[PDB]
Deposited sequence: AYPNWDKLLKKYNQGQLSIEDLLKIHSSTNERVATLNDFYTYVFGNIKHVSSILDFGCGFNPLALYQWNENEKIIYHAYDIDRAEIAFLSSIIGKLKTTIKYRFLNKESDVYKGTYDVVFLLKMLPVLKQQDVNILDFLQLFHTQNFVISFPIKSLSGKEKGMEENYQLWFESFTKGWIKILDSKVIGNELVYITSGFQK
């Protein structure tokens, strides 16, 4: 069920909910918890010095980054179409102490105007494709040097629904962006690419 943000915030403020509990709320972040350290170790290990990040369609990742981070110096810009979810996250993170500088964006038009060392599109391409977004044109909107593009790895166990994201992605990006590396991190296929 869609979360009751106001109620969740009250429970949290009362100590009835932990960050661990919160990370389980959004399935995309819940699925990443088991490999949280491996995910970020992989990303920052393959992308030399990130000072700025744009997390497009961020979900609860802002919270996951807080959980994983120790002392990174990064300006993290978070954007998601769900405004209420962003408001909730901003209220929680505003209560926390962290070296990462959070910037919650609410205007889509502002998103594409920034300059970011890297742009996160975690479990996003399928969603956008579904919304009939021209993915290539979309990717060209970002003034970034690298992308972190990931896809969920679904259970192998229906009819008429292909979804071979790996084949699709490595196929349509041919000659536009260069794939620097890719790896299966838990239930997620993560791609590290160049720009445009």
Expected output for missing-CA ranges on the deposited sequence is 158-159, 199-200
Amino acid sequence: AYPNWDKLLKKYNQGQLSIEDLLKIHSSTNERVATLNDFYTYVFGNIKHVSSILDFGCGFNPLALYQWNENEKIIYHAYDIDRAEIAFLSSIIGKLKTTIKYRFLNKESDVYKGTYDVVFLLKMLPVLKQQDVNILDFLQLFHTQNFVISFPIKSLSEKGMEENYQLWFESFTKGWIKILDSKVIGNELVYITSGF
From here on, numbers count along this sequence of modelled residues.
With reference to the PDB entry, specify whether the mean Cα temperature factor is higher for 44-52 or for 65-73. 44-52
Identify the stretch, either 105-113 or 77-85, whose C-alpha atoms have the larger mean B-factor according to the entry. 105-113
C-alpha B-factor winner, where the candidates are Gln145, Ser155, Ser28, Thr35: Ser155
Out of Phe39, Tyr165, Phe138, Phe60, highest CA B-factor residue: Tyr165
Relative C-alpha B-factor of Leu22, binned into the chain's lowest, middle or highest third: lowest
Can you tell me which third, lowest, middle or highest, the CA B-factor of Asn187 falls into for its chain? lowest
Mind checking which third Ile92 falls in for C-alpha B-factor across the chain? middle
